[PDB]
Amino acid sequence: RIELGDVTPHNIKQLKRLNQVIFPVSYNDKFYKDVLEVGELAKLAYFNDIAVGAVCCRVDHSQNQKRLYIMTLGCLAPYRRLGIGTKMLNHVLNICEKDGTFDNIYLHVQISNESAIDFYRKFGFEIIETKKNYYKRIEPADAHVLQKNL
């Protein structure tokens, strides 16, 4: 019942709308412009052909490593706990497994987001650091850095 589809100029506004409702951070036009250029690293999640979630990633070269950074991964509150997040996370883990050159996968999780910590730890991600004052306009401003070694 869960399918992932490509993000394109035809459905970018559906992605923008989904992110605006799901996430407490507003993303600029450069984020959505970058999204169209990452290809398979950005997907829309459909539940019975209804857009209910999305995943946006970027490649990062830091710590003298090739790293996959998940910027956004989420779905609408009434559709949670159906396997939509797992399908998006498995898709990104599958890109990395096929590619073979990624050292790790990391992301930021606002410290109050207990269900996201639970979700990522279930997949082998670890809290490797807690960045103080990561967010600027939202409370709490601290974010855990979650990382899975590949």
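Each residue number is its position in the shown sequence, starting from 1.
Between the two ranges 87 to 95 and 30 to 38, the one averaging a larger CA B factor in the entry: Here the higher of the two C-alpha B-factor means belongs to 30 to 38.
Higher-scoring stretch by recorded Cα B factor average, 97 to 105 or 49 to 57: The recorded data point to 97 to 105.
Using the temperature factors of the C-alpha atoms in this entry, rank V7 within its chain: lowest, middle or highest third. Ranked within chain, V7 CA B lands in the middle tercile.
Taking the entry's C-alpha B-factors for this chain, is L150 in the lowest, middle or highest third? Its C-alpha B-factor, which the entry lists for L150, ranks in the highest third among residues of this chain.
If you rank every modelled residue in this chain by C-alpha B factor, which third holds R67: lowest, middle or highest? According to the entry, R67 has a C-alpha B-factor in the chain's middle third.
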